[PDB]
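Residue numbers (the authors' numbering), protein chains in the order written: chain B2, 152 to 154, 184 to 201; chain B9, 152 to 154, 184 to 201. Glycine included, every Cβ here is placed at the ideal spot set by N, Cα and C.
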């Protein structure tokens, strides 16, 4: 908000599969 | 969003194989 009053909204979705043998 | 209302969307796909012996 100043003295126009800029607004933002964010989403991140981060799956990360893994395997090791 | 200001007081135009810029929007962005991003995707990254990062596989990383590995092996060691």
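Whole angstroms are fine: how far does the CA of residue 200 (chain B2) sit from the CA of residue 195 (chain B9)?
13 Å
Interface partners of residue 183 (chain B2) on chain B9, CB under 9 Å:
For residue 183 (chain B2), no position is available: the coordinates of chain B2 end at 154 and pick up again at 184.
Let me make sure I understand the geometry here. Which of 198 (chain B9), 187 (chain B9), 186 (chain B9) and 152 (chain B9) has the alpha-carbon closest to that of residue 185 (chain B2)?
152 (chain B9)
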